[PDB]
Amino acid sequence: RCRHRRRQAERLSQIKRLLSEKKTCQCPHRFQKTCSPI
Amino acid sequence: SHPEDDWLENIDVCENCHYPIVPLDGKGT
Ligand SMILES: [Zn+2]
């Protein structure tokens with residue numbers, strides 16, 4: 001019953017270490033104006 | 001309390017830095 005089904009995320013592990021190192025979308029910012037701790 | 005595995009499974013990645021973007025949640029205090 002549904003043998004070929006990618007349940008667990010593939011990037012999970014990859015994104016796992018990435019998250020640990022807080023290496024996520026570090027894209028720029030559009031007018032901060034105080035507030036929003038980054 | 002709420003599971004923190006769902007969002008991860010359906011996580012997205014930006015198309016600029018090739019990194020995994022984080023959708024707005026609200027707070028965490
Ligand atoms: Zn980005």
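To start, this report covers the structure provided alongside it. (Residues numbered from 1 in each chain as written, not as in the entry; some residues may be left out. Chains lettered and ligands numbered in written order. Heavy atoms only, no water.)

**What about the overall build of chain A?**
Definition in use: Working definition: helices are DSSP H or I runs of at least four residues, strands are E runs of at least two. Numbering for both runs from the N terminus. Any residue under 20% of the maximum accessible area for its type is buried, any over 50% is exposed, and the rest in between are partly exposed; the area is computed with a 1.4 Å probe on protein chains only. Per-residue and other accessible areas were derived by the Shrake-Rupley procedure at a 1.4 Å probe size, with only the shown protein chains allowed to occlude residues.
Looking only at helices and strands, chain A features one helix and zero strands. Along the longest, intermediate and shortest principal axes, the C-alpha atoms of chain A span 55 × 20 × 15 Å. By residue count, 13% of the 38 residues in chain A fall in the buried class. Total accessible area computed for chain A in this model is approximately 4,600 Å², and 49% of it derives from carbon and sulfur atoms.

**Re the pattern of salt bridges**
Selection criterion: Should a side-chain nitrogen of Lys or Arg be within 4 Å of a carboxyl oxygen of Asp or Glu, the pair is scored as a salt bridge.
Throughout the structure, instances matching the rule amount to two salt bridges over all chains. The closest approach of N and O atoms between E21 of chain A and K23 of chain A, which form a salt bridge, is 3.6 Å.

**Here's the deal with the coordination of the zinc ion**
Short version of the rule: In this listing, donors mean N, O and S atoms no farther than 2.8 Å from the metal, or 3.2 Å for Na, K and Ca; water is missing from the atoms, so a site can look incomplete. Just to be clear on the cut-offs, tetrahedral is four donors with all angles between 85 and 135 degrees, square planar is four donors and octahedral six with opposite donors over 155 degrees apart and all others between 65 and 115, and anything else goes down as irregular.
Distances from the zinc ion to its protein donors, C25 of chain A (SG), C27 of chain A (SG), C14 of chain B (SG) and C17 of chain B (SG), fall within 2.3 to 2.4 Å. Each of the four donor atoms bound to the zinc ion contributes to angles spanning 108 to 111 degrees, and the resulting shape is tetrahedral. Overall, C27 of chain A belongs to the partly exposed group, its relative accessible area being 24%.

**Regarding the side chain of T24 of chain A**
The test is simple: What makes two residues a contact is simply this: any of their non-hydrogen atoms within 4.5 Å.
Its place among the elements puts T24 of chain A in the segment after α1 (11-20). Excluding anything up to four places from it in sequence, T24 of chain A contacts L18 of chain A together with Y19, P20 and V22 of chain B.

**Concerning the interface of chain A and chain B**
Counted only if it meets this: The buried area of a pairing is the accessible area, by a 1.4 Å probe, that goes missing from both parts when the two are put together, added over both. Pairs of N or O atoms within 3.5 Å make up the polar contacts considered here, provided that, within protein, one atom can donate a hydrogen while the other can accept it, and that residues adjacent in sequence are counted only when both atoms are side-chain atoms. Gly counts as polar in this scheme, as do all residues outside two lists: the nonpolar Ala, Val, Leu, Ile, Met, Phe, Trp, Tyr, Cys and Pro, and the charged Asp, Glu, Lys and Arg.
The interface of chain A with chain B comprises ten residues on the first partner and eleven residues on the second. Together chain A and chain B conceal approximately 930 Å² of surface at their shared face, both sides included; 78% is due to carbon and sulfur atoms. There are zero salt bridges connecting chain A and chain B. Our count for the contact surface shared by chain A and chain B stands at one residue pair in polar contact. Classifying every residue of the side of chain A that touches chain B by side-chain character gives six nonpolar, two polar and two charged.

**Structural notes on the environment of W7 of chain B**
Residue and element names in this part refer to chain B. Mapped onto the secondary structure, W7 falls in helix α1 (residues 6-9). We classify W7 as partly exposed; its relative accessible area is 34%. For the pair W7 and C17, spaced ten residues apart in sequence, the C-alpha to C-alpha distance is 20 Å.

**Remarks on a negative patch on the surface**
Stated precisely, the cut-off is as follows: Only residues whose relative accessible area exceeds 30% and that form no salt bridge enter a patch; like-charged residues are grouped when within 9 Å of one another, and nonpolar side chains (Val, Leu, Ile, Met, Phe, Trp, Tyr) when within 5 Å. In this charge count, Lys and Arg are treated as positive and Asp and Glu as negative; neither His nor the chain ends contribute. A charged residue contributes its charge at one atom only: NZ of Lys, CZ of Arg, CG of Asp or CD of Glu.
On the surface, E4, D5, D6, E9 and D25 of chain B cluster together into a patch of negative charge. Looking at where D5 of chain B falls in the secondary structure, it is placed in the segment before α1.

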